[PDB]
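Q: One structure, pasted below without further comment.
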Amino acid sequence: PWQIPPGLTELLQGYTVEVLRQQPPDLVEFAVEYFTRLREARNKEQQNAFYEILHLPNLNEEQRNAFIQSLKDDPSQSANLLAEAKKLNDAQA
Amino acid sequence: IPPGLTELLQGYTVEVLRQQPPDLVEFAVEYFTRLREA
């Protein structure tokens, strides 16, 4: 459509706040820097979830699959899914 | 607010609305890199 992306404000907000802290001399160069590192952090954070869930010992095969399936489909809630998979795992001990 | 920050973030914002990329962060790396190259 032509909509306003959810999270656009928060995402722009955080770049600005970090601009404050370091006062980079070139806003463009820092943006390339900020968002690259913000990307890498997310890839890093997602990779890790996948595995942990991978070998969580008290999950049956069907649960591990559901969580991993949700994880591959939606990186943004990797923290949400890792939490839910650990809660359901701890209870299943 | 440092000078230029508003115009810079506005520019990115218009293109986000123009193009509706599926990931804002990934597009950000895309958008600002092209801007740096120019």
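Quick note on naming: the chains in the structure tokens go A, B, ... in the order shown, residues restart at 1 in each chain, and ligands are numbered from 1 in order of appearance.
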Give me the residues near stretch 18-27 of chain B as a list in words, where near means some atom within 8 Å (using only C-alpha atoms) and where sequence neighbours in that chain fewer than 5 positions away do not count.
A: residues 1, 2, 3, 5, 8, 35, 38 and 39 of chain A
Q: Select all residues from chain B having any atom no more than 6 Å from an atom of chain A (counting only C-alpha atoms, ignoring ligands), output as a PyMOL selection string.
A: chain B and resi 29+32-33
Q: Output as a list in words all residues of chain B that backbone DSSP marks as helix (DSSP H, G or I).
A: residues 5, 6, 7, 8, 9, 10, 11, 12, 13, 14, 15, 16, 17, 18, 19, 24, 25, 26, 27, 28, 29, 30, 31, 32, 33, 34, 35, 36 and 37 of chain B
Q: Excluding residue A:67 and any residue of its chain fewer than 2 positions from it, enumerate the residues within 10 Å of it, using only C-alpha atoms, and give them as a ChimeraX atom specification.
A: /A:50,53-54,62-65,69-73,78,81-82,84-85
Q: So the first atom is atom CA of residue A:90 and the second is atom CA of residue A:57; what is the distance between them in Å, to one decimal place?
A: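 Value for the atom CA of residue A:90-atom CA of residue A:57 distance: 9.6 Å.
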